[PDB]
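See below for the structure under consideration.
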Amino acid sequence: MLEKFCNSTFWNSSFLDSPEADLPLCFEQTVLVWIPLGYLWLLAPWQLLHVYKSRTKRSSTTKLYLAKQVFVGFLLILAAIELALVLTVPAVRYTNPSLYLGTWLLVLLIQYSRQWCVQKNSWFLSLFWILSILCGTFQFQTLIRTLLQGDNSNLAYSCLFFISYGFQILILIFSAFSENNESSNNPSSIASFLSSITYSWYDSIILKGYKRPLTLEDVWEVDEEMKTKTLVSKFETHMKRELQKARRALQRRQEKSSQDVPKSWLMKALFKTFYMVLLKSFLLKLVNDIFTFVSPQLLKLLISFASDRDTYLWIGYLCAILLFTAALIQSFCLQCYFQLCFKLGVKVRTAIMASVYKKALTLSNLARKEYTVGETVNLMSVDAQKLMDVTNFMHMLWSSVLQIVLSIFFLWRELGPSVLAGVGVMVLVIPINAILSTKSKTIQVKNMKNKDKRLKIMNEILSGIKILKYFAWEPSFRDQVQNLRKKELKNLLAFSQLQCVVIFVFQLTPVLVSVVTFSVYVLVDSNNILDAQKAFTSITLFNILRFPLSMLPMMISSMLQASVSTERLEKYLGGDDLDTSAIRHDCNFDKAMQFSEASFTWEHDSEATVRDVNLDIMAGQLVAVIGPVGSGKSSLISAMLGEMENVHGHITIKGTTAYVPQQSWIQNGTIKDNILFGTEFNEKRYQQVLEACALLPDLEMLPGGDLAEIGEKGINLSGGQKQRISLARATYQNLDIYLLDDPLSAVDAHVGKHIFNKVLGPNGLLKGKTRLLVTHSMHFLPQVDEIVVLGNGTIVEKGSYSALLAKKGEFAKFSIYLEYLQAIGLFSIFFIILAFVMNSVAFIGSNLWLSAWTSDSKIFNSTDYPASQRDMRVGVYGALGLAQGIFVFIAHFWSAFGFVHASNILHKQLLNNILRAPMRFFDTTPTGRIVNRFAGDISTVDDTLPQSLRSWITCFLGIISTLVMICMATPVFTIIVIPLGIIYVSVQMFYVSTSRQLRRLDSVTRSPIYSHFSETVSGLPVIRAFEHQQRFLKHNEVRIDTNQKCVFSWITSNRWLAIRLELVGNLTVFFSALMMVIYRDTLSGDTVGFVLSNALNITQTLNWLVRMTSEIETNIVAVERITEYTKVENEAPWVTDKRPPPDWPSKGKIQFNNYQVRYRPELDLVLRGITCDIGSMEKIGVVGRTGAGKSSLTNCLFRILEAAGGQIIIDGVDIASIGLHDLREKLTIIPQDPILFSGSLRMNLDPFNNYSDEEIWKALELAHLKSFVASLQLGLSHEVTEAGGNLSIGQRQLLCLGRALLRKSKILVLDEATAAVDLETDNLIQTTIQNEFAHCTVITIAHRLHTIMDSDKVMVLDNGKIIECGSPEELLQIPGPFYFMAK
């Protein structure tokens, strides 16, 4: 290019050889300057028309806009001035000021233009500053040196340029800041560029979640573009276009076949709609992958630079700077790709998840019947979520190929054909990783059966805990479950070990691959000598090639799963839409309801369920339809709703329609929500229906009658109750036509009468509403306007009740972690940690040997390399290719035994503690939490936690190995770590304190989407009747969107951490490399290799140490919950040293002494000084009012409730001094509720197998249950289902009687044994009790008095006191409470 234009030298390569080297000034003022100025005038208009083409409301002139404006003005003054000195000479000397004059004017114009838009400091302007400082600094330093060197000939130019440069820095710093607009809820459209690429605008949420826990309202609205209303609209148009084009394709195929479902269209549709956001990434992965290969190729310069003491310093420093800048651009250009490629994740899930719903309301029933509710919901729960994950890394279907192919090429140059073996090992490890993953999968699945078996046994145990306590059977199940758990563990060990090898064969690959490649290359040709450049630019490349070649087998799974999951979706959205041509809604024709010789069928190609139906009804006619089953009673109403397919003839109606189903559909929420059904609250109407529906009293006993969580998961109502609610909903809405479906199905006759004459009848709410009622009840026909009896296909009678039908009636805290570690055993944790440390020491040891190996090339090369030296250096590196192998395999493996054993203690603690807890524990807390807490956590502490803990320690020592390795060369770096360490720790302390929350908010707000869809598809037919469809769509969007604002704010939070680590992972590779350049003298060329080649991987590892630390910090909450219960208090010891005589009790005499007891210390005394003496063989009945303390007395006899006062003595021995078991085995009780345990019938009778079958069979004979068991196919081995669901209530009670007769205790307590047993069985129970237990003390509690007249004495309990006690005859004579009850 021209040089006379500057009258100097453009290129003088001699200027780049001396240590003091600077670029030629002419080139420095003519090419560098043309970049930014060329940058503007080339992209000025687009960023100008794009501003005026779309016009926004001009905003206020904030303080910054003035400062950002005036500063550019000052540049114009300086730019104008420097033209004055020049004019008051080289051509370049005067044109350059002119160029700035024009440009400064323009940049002023734009900077005012941006004010209108929302994103004030966009990328275009903000980059021009950064690109006009890098291309400006070179000029800055040249002037500094020349001024310093003492020229002072161009000082006039220098001063003006200095200020011009200084202001340029100032403007940029202001550019990054963004004005806080009025609301702009999401700070994603107002954040300035430099704040929207380092995600510094998310700083608000993170420090907000550190003190005050987050909530749905504290997360910014999603956006104005990702709103599901927009996405559904956009995707719908493309979806419709492709489908119709796809439909045409099928027609040609079937036409050709003449001479199936339209497939392979969905994936095409998504492309045609998102090709902006798909393309802004493909042009952004390259810019990230290309910069992934500048970190290694620059490291070669420093190694090469340090290896020669006659290399100019500015080569090293410029390399150190680029090694930082070339890693910042990758960092920014990568995160800016994840956010831009995860956005495509949710933005595609919503486009489908929210678009499946809109098709659910339209799918023709003929196709809907193919599905079920359970699978349809999954169609957007797991089937439509695989589209997220595939879209989350769809771009790694070629980036991996590029990274692998390109990386192999770079490696090939440095090493040569030897590298083929190095890449070979990675190829070889792929299948090894694959095979074990499956073999682990089968074992995991094979274990699920055992897990289900344990829960089924346990879920029943907790409910049947009461009887468990009476007979002290606990140890039998303790062993019964312990054996089951032990069987599970033997399977578990295999699973953990198989996972150990997977970690081992992956954590060891980088160590082994180097050994193979650094052996073949130095073993093939004696000439080859490993040089520092050749090694540490290869060891680093493998760590870059490892990820793509170690994930490609995994990704292929996702991209193959999505090809079947997506296949289902097309088969769904492509379903034929329901046709409404058979029904026409209009008010023009006078009649209300009209039929035209129509016919309907439940199945398209089979018999017609409705034949030549011609019904014509006018407004206000209460018409009823009756007939037998199969004539089509329910079909007509179904036909009207349009949920049926006609054969011919049209049926048209007038006005709106209301419908009531025979099978009730109840929307989740409250009674008000269900009845109101999306309309305002009219108290007059609302109360009218409540009374007219008889629900006003039905809301009394309900805990939340006015507002209760009716529906699934909250409440269960009677069959009529839900029917009552449904008809209330139709009545309140006050529509034109009303269609009923047998409201008299499951309601009281009087109640049915009430509603009929209060709602349906002429006096009812709907006096003149066209009403159609279908049912089989003949009661209410006389009050009906017309009764069209439905014959077998058509009608028979067209008239009123008395018109024709009446003739004849003939068809009418860290402390937790220690607790977990305490379980795993401090002995093995010591060696587990130690083995890892010896592994790291070998790793740092391995690198040091490599350094002392490459050093040989300085000496040997021109001189031949002795075989002895070659065979040695290779050998040692091999002996350290195993020292790292052994100290890992013997490290992770010894851990697997540790973790499994820990899972064997925690589980053992619960059973040996929960079963010892008092009944108070189980009553207060719900049975659900115990099952869940002992289903997930106990499953979490063995299935996932150990897999996570091991990966944490192996990465922490990974970081320490690097930092110790860096410091070993340059001791000064120990200073730099303290700032970086604080920065990193202070980051983890924030991110993990929030990313844990925002994941909870995601799950808590995801379930409603599915629950809502399930409760819509189930209740679809009702919705179409009321035509409330549009209400639901707008009600599903506002619920699906409430999720995006949670997932999205999680992705960004997961992104704001990546930048502040990759910046820490660069401040540690930059400050490390810089110290190498400063300390040229003391560090040989090779030593810079391992120090700086390993530091390049610290950036990635610093993520895993934080990513995992989130899982551990959250997963371990599981073991904390388990820890809570094992520390719960427990009842008294089962066995005490003061054992009674083996024959005790001998007589059965029971004595009470001012006994007092209470359910809880906080509650009032329930027994208030009971004092009585029960003689041997005394049959006592206990009577009283409910809650008087009858039941509490029984619980005390077995010491279930500890004595608050007094005492109880049996056969002269105070039971409070005996162990509970020793007491309980000698007492027999027949519980009110005969609960049974799943398993063999023999087990239920005897859990310890302490009795022979002959004894069992006799006991059954006395229980009168022998015959039934003998009839059972397996006899004693018959399997009783859960809670004995397969046995009648009487049978279970008789079975319980069998238990009692077998035990043969001197004392027997009866607790309402015949309350729910038929008289015939009660006599059987009474007879055997009288005969079999004629020698044992009996205490009988029963609401049936007649069962107590036979007692020797009767005890009257009222309000916790004994009012009367005497024989039944004496008490009857005295006119007391017992006399009143008997009367």
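Ligands are numbered from 1 in the order shown, residues from 1 within each chain, and chains are lettered A, B, ... in the order they appear in the structure tokens.
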
Legend entry - Residues within 9 Å of range 847-863 of chain A, only C-alpha atoms, excluding chain neighbours under 5 positions, as a list in words: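 Contacts, in chain order: residues 527, 528, 529, 530, 531, 532, 533, 535, 842, 873, 876, 877, 965, 1084, 1085, 1086, 1087, 1088, 1089, 1090 and 1091 of chain A.
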
Legend entry - Nearest candidate to residue 303 in chain A (options A:318, A:1083, A:419, A:427; using only C-alpha atoms):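 Of the candidates, the smallest distance to residue 303 in chain A is held by A:1083.
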
Legend entry - Nearby residues (only C-alpha atoms) at most 12 Å from residue 402 in chain A, same-chain spacing under 2 positions excluded, as a list in words: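 Contacts, with the query itself left out: residues 285, 286, 288, 289, 290, 292, 293, 395, 396, 397, 398, 399, 400, 404, 405, 406, 407, 408, 409, 545, 548 and 549 of chain A.
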
Written selection (C-alpha atoms) as a short mmCIF file (atom, residue, chain, number, x, y, z; two decimals), in the first residue's frame:
```cif
data_model
loop_
_atom_site.label_atom_id
_atom_site.label_comp_id
_atom_site.auth_asym_id
_atom_site.auth_seq_id
_atom_site.Cartn_x
_atom_site.Cartn_y
_atom_site.Cartn_z
CA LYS A 285 -19.83 -22.81 17.99
CA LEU A 286 -17.10 -22.39 15.36
CA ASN A 288 -15.73 -21.21 20.21
CA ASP A 289 -14.17 -24.38 18.81
CA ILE A 290 -11.56 -22.52 16.76
CA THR A 292 -10.37 -24.06 21.75
CA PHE A 293 -7.36 -24.82 19.54
CA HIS A 395 -25.32 -28.97 17.93
CA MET A 396 -22.80 -31.54 19.23
CA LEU A 397 -23.75 -33.81 16.32
CA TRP A 398 -21.07 -32.09 14.22
CA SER A 399 -19.02 -30.04 16.70
CA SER A 400 -17.77 -33.33 18.13
CA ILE A 404 -12.19 -34.93 16.87
CA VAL A 405 -11.13 -34.70 13.22
CA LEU A 406 -9.42 -31.34 13.68
CA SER A 407 -7.76 -32.33 16.96
CA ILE A 408 -6.38 -35.56 15.49
CA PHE A 409 -4.81 -33.47 12.72
CA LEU A 545 -10.14 -34.54 22.48
CA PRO A 548 -16.10 -35.23 22.37
CA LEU A 549 -14.95 -38.84 22.03
#
```

Inset, instruction - Write out as a VMD selection string which residues come within 7 Å of residue 1190 in chain A when counting only C-alpha atoms, dropping same-chain ones fewer than 6 positions away. - result: chain A and resid 1182 1184 1357

Selection to disk with N, CA and C atoms, as a short mmCIF file (atom, residue, chain, number, x, y, z; two decimals), in the first residue's frame:
```
data_model
loop_
_atom_site.label_atom_id
_atom_site.label_comp_id
_atom_site.auth_asym_id
_atom_site.auth_seq_id
_atom_site.Cartn_x
_atom_site.Cartn_y
_atom_site.Cartn_z
N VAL A 1182 -67.16 -54.04 80.71
CA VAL A 1182 -66.86 -52.62 80.89
C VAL A 1182 -67.77 -51.84 79.95
N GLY A 1184 -69.86 -47.85 79.16
CA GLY A 1184 -69.69 -46.41 79.26
C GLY A 1184 -69.99 -45.74 77.94
N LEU A 1357 -67.89 -46.91 83.11
CA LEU A 1357 -66.91 -45.85 82.95
C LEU A 1357 -67.57 -44.64 82.31
#
```

Polymer residues at most 8 Å from range 1071-1079 of chain A, only C-alpha atoms, same-chain spacing of 6 or more positions, as a PDB file with N, CA, C and O atoms, in the first residue's frame:
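And here is the file that came out, part-v7.pdb:
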```
ATOM      1  N   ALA A 306      10.585 -20.317  26.352  1.00  0.00           N
ATOM      2  CA  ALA A 306      11.398 -20.548  27.535  1.00  0.00           C
ATOM      3  C   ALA A 306      12.580 -21.467  27.271  1.00  0.00           C
ATOM      4  O   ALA A 306      13.583 -21.382  27.988  1.00  0.00           O
ATOM      5  N   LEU A 313      11.896 -10.730  25.052  1.00  0.00           N
ATOM      6  CA  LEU A 313      10.853 -10.763  26.069  1.00  0.00           C
ATOM      7  C   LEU A 313       9.474 -10.518  25.477  1.00  0.00           C
ATOM      8  O   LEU A 313       8.507 -11.176  25.872  1.00  0.00           O
ATOM      9  N   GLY A 316       7.308 -13.470  24.716  1.00  0.00           N
ATOM     10  CA  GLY A 316       6.657 -14.132  25.832  1.00  0.00           C
ATOM     11  C   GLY A 316       5.454 -13.366  26.348  1.00  0.00           C
ATOM     12  O   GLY A 316       4.383 -13.940  26.555  1.00  0.00           O
ATOM     13  N   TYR A 317       5.610 -12.056  26.557  1.00  0.00           N
ATOM     14  CA  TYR A 317       4.514 -11.269  27.111  1.00  0.00           C
ATOM     15  C   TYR A 317       3.322 -11.238  26.167  1.00  0.00           C
ATOM     16  O   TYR A 317       2.181 -11.442  26.595  1.00  0.00           O
ATOM     17  N   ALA A 320       1.592 -14.320  26.578  1.00  0.00           N
ATOM     18  CA  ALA A 320       0.860 -14.398  27.838  1.00  0.00           C
ATOM     19  C   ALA A 320      -0.454 -13.634  27.751  1.00  0.00           C
ATOM     20  O   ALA A 320      -1.489 -14.098  28.244  1.00  0.00           O
ATOM     21  N   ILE A 966       1.785 -26.144  40.338  1.00  0.00           N
ATOM     22  CA  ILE A 966       2.185 -24.810  39.902  1.00  0.00           C
ATOM     23  C   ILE A 966       3.163 -24.201  40.895  1.00  0.00           C
ATOM     24  O   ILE A 966       4.230 -23.705  40.520  1.00  0.00           O
ATOM     25  N   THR A 970       7.115 -21.969  40.634  1.00  0.00           N
ATOM     26  CA  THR A 970       7.192 -20.553  40.988  1.00  0.00           C
ATOM     27  C   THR A 970       6.583 -20.348  42.364  1.00  0.00           C
ATOM     28  O   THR A 970       5.347 -20.237  42.478  1.00  0.00           O
ATOM     29  N   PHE A 973       3.598 -17.809  43.262  1.00  0.00           N
ATOM     30  CA  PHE A 973       2.188 -18.009  42.945  1.00  0.00           C
ATOM     31  C   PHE A 973       1.358 -18.347  44.174  1.00  0.00           C
ATOM     32  O   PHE A 973       0.134 -18.197  44.137  1.00  0.00           O
ATOM     33  N   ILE A 976      -0.838 -15.474  44.820  1.00  0.00           N
ATOM     34  CA  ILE A 976      -1.971 -15.223  43.932  1.00  0.00           C
ATOM     35  C   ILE A 976      -3.160 -16.097  44.294  1.00  0.00           C
ATOM     36  O   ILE A 976      -4.311 -15.734  44.022  1.00  0.00           O
ATOM     37  N   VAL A1088       8.155 -25.261  32.218  1.00  0.00           N
ATOM     38  CA  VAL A1088       6.959 -24.473  31.945  1.00  0.00           C
ATOM     39  C   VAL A1088       5.873 -25.349  31.349  1.00  0.00           C
ATOM     40  O   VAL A1088       4.691 -24.989  31.366  1.00  0.00           O
ATOM     41  N   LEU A1092       2.157 -25.275  33.109  1.00  0.00           N
ATOM     42  CA  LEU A1092       1.178 -24.553  32.312  1.00  0.00           C
ATOM     43  C   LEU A1092       0.279 -25.464  31.494  1.00  0.00           C
ATOM     44  O   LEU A1092      -0.823 -25.047  31.123  1.00  0.00           O
TER      45      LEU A1092
END
```

Inset, instruction - Looking only at helix (DSSP H, G or I) from DSSP on the backbone, list the matching residues of range 245-412 of chain A as a ChimeraX atom specification. - result: /A:245-258,266-292,294-306,313-360,365-368,373-378,386-392,394-397,399-412

Inset, instruction - Can you work out which one of A:28, A:1052, A:1111, A:760 has the shortest atom-to-atom distance to residue 205 in chain A, counting only C-alpha atoms? - result: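 Ranking A:28, A:1052, A:1111, A:760 by distance to residue 205 in chain A, first place goes to A:1052.
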
Per residue of range 348-467 of chain A within 9 Å of range 1262-1283 of chain A, record the nearest atom pair and its distance in Å to one decimal, counting only C-alpha atoms, with rows in chain order and ascending residue number, as a Markdown table.
```
| residue | atom | partner | partner_atom | distance |
| --- | --- | --- | --- | --- |
| A:456 | CA | A:1282 | CA | 8.5 |
| A:457 | CA | A:1282 | CA | 8.8 |
| A:460 | CA | A:1282 | CA | 7.0 |
| A:464 | CA | A:1283 | CA | 8.2 |
```

Take the residues from that selection and write them out as an mmCIF file, in the first residue's frame, keeping C-alpha atoms.
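selection-v6.cif was written with the following content:
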```cif
data_model
loop_
_atom_site.group_PDB
_atom_site.id
_atom_site.type_symbol
_atom_site.label_atom_id
_atom_site.label_comp_id
_atom_site.auth_asym_id
_atom_site.auth_seq_id
_atom_site.Cartn_x
_atom_site.Cartn_y
_atom_site.Cartn_z
ATOM 1 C CA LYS A 456 -45.276 -53.520 50.292
ATOM 2 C CA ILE A 457 -44.310 -55.388 53.458
ATOM 3 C CA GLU A 460 -48.613 -52.529 55.566
ATOM 4 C CA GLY A 464 -50.977 -52.487 61.285
#
```

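Minimum atom-to-atom distance to residue 448 in chain A, evaluated using only C-alpha atoms, belongs to A:943 out of A:734, A:618, A:649, A:943.
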
Listing only residues of range 896-919 of chain A within 10 Å of range 466-478 of chain A, what is the closest atom pair and its distance in Å (to one decimal) for each, using only C-alpha atoms, sorted by chain and residue number ascending, as a Markdown table?
```
| residue | atom | partner | partner_atom | distance |
| --- | --- | --- | --- | --- |
| A:908 | CA | A:478 | CA | 9.4 |
| A:911 | CA | A:478 | CA | 6.8 |
| A:912 | CA | A:478 | CA | 7.9 |
| A:915 | CA | A:474 | CA | 7.1 |
| A:916 | CA | A:474 | CA | 9.0 |
| A:918 | CA | A:469 | CA | 9.3 |
| A:919 | CA | A:466 | CA | 7.6 |
```

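The shortest atom-to-atom distance to residue 1049 in chain A, with only C-alpha atoms taken into account, belongs to A:219 out of A:219, A:87, A:169, A:523.
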
Inset, instruction - Have a look at A:871, A:20, A:1261, A:1037 and name the one nearest to residue 351 in chain A; count only C-alpha atoms. - result: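 Checking each of A:871, A:20, A:1261, A:1037 against residue 351 in chain A, counting only C-alpha atoms, the winner is A:1037.
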
Would you list the contacts of range 624-630 of chain A as a short mmCIF file (atom, residue, chain, number, x, y, z; two decimals) with C-alpha atoms, in the first residue's frame, taking every protein, DNA or RNA residue within 10 Å and counting only C-alpha atoms, but skipping same-chain residues closer than 2 positions in sequence?
```cif
data_model
loop_
_atom_site.label_atom_id
_atom_site.label_comp_id
_atom_site.auth_asym_id
_atom_site.auth_seq_id
_atom_site.Cartn_x
_atom_site.Cartn_y
_atom_site.Cartn_z
CA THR A 609 -76.66 -47.44 18.66
CA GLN A 621 -90.53 -28.63 28.06
CA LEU A 622 -89.27 -30.91 30.83
CA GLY A 632 -79.64 -46.16 23.79
CA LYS A 633 -80.72 -44.17 26.84
CA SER A 634 -77.35 -42.49 27.38
CA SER A 635 -76.63 -42.30 23.64
CA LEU A 636 -79.00 -39.43 22.84
CA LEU A 739 -79.28 -32.31 29.55
CA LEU A 740 -79.26 -34.58 32.60
CA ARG A 771 -84.66 -29.95 30.08
CA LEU A 772 -83.89 -33.51 29.01
CA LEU A 773 -83.64 -36.20 31.69
CA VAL A 774 -82.68 -39.85 31.24
CA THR A 775 -83.01 -42.50 33.95
CA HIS A 776 -84.74 -45.73 35.00
CA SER A 777 -86.62 -44.46 38.06
CA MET A 778 -90.40 -44.60 37.60
CA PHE A 780 -91.02 -38.95 39.13
CA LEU A 781 -92.59 -39.63 35.72
CA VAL A 784 -92.92 -34.92 33.66
CA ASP A 785 -94.08 -32.98 30.61
CA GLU A 786 -93.36 -35.89 28.25
CA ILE A 787 -91.93 -39.39 28.56
CA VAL A 788 -90.44 -40.75 25.32
CA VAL A 789 -89.80 -44.42 26.10
CA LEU A 790 -86.79 -45.64 24.12
CA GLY A 791 -87.44 -48.88 22.27
CA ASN A 792 -84.81 -51.19 20.85
CA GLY A 793 -83.67 -48.62 18.29
CA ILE A 795 -89.26 -44.58 20.26
CA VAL A 796 -92.57 -46.22 21.20
CA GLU A 797 -94.53 -43.66 23.23
CA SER A 800 -97.31 -37.53 28.76
CA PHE A 811 -93.02 -51.85 31.04
CA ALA A 812 -92.49 -49.34 33.88
#
```

Legend entry - Exercise: range 1114-1130 of chain A partners within 8 Å, only C-alpha atoms, chain neighbours under 6 positions left out, as a PyMOL selection string: chain A and resi 816-817+819-820+906+909-910+913-914+916-918+933-934+936-938+940-941+945+996
